[PDB]
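Single chain ahead, by itself, as structure tokens, in the form solved without the ligand.
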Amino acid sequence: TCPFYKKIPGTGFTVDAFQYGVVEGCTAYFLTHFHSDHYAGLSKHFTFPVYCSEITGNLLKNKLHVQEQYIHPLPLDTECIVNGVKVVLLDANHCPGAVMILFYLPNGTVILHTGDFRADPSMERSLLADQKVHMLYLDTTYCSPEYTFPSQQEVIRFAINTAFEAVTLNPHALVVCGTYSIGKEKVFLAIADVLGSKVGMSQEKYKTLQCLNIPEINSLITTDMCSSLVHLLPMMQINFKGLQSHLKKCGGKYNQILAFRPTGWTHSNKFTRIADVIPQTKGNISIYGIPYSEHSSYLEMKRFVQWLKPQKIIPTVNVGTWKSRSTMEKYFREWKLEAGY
């Protein structure tokens, strides 16, 4: 049975609610993004209307085989009427195709559902500037002050400079980057660009990337591993064992691997600066964990909410324990007393 924080009151709508069977009264199922915890349940046999971005619709059709007649793509930044209710989709600054949804209820209430997002001051100049929000359904993944990490631009600068130095010292080094979902594509695209290479990958991953509307993609990626000196591998292979096994397969072209694991936050963020990060090394293999986040830091979340001034907040992440719920409620009250709403 579908929980309450996935239902939108006064509508026939649900958000990210595909794992509960037929939801009673649901006339339209919204999907914020193509991550498996949020699409869980969708397959080629789904027969109700799905509303989403163009990019998420490309992934539902090609990767999950949902039939075309049940996919309803909407443009961003555009007022649209769905089953008699005005909605707008907004860029969530999460993975490709990820949206927030603004719902204009027939009774006059306005609701924002963030989906998964990385809050940014640019959101303060979207269509959100124009009117008030009564309820905010909020991605609270990192809602605690210990969760700090750098800008995506600082993290990319570290990765490009690290990879360019290594491969200029040793032209026979291979670079490998881990992946297990869409998102974080800038990591491997920026490294391949500084090296003057296409990125090489499995046919399955190539297929996924080809759904993402990235400009000039055909110039940036390939399935011909032998032509490329930046390879993508499943995240589960980014360890000394898996990397050894990969180097064997490269036919003596390479004598060293430098590998990247984009993570979210890790406890070494509570001590070490991006600049000071060092790898784990065994022999001719080095692995860097880099803190490339597509979710709000605590400070970015707090800024967004203090600017929006919602009347009520409903968390959508970390909802399963009393201790988490109580922590989040305390920070929401601090923020409100501090800013005066």
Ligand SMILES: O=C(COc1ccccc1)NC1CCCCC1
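Numbers for residues come from their place in the sequence shown, where the first is 1. For the two forms, the rigid core is made up of the largest set of C-alpha atoms that agree within 1.5 Å on superposition.
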What stretch shows more C-alpha movement in 9 other deposited structures of this protein relative to this form, 210-218 or 113-121, after the core is superposed?
210-218
Mean Cα B factor from the PDB record: higher for 153-161, or higher for 216-224?
216-224
Read off the CA B-factors in the entry, average them over 226-234 and over 243-251, and name the higher stretch.
243-251
Whose C-alpha has the highest temperature factor in the PDB entry: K282, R303, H35, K309?
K282
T266, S197, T208, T78, ranked by C-alpha B-factor: the highest one:
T266
So where's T140 on the chain's Cα temperature factor ranking, which third?
lowest
In terms of the chain's CA B-factor thirds, is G183 lowest, middle or highest?
lowest
How does the C-alpha B factor of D116 compare with the rest of the chain: lowest, middle or highest third?
lowest
Among the modelled residues of this chain, does the Cα B factor of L60 put it in the lowest, middle or highest third?
middle
Within this chain, which third does the Cα B-factor at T47 fall in: lowest, middle or highest?
highest
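Another form exists, deposited with the ligand bound; not displayed. Remarks below refer to it.
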Can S228 be called a contact residue for the ligand in the entry with it bound at 4.5 Å between heavy atoms?
no
Heavy atom of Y147 within 4.5 Å of the ligand in the entry with it bound:
yes
Residue-level question: is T140 within 4.5 Å of the ligand in the entry with it bound, judged on heavy atoms?
yes
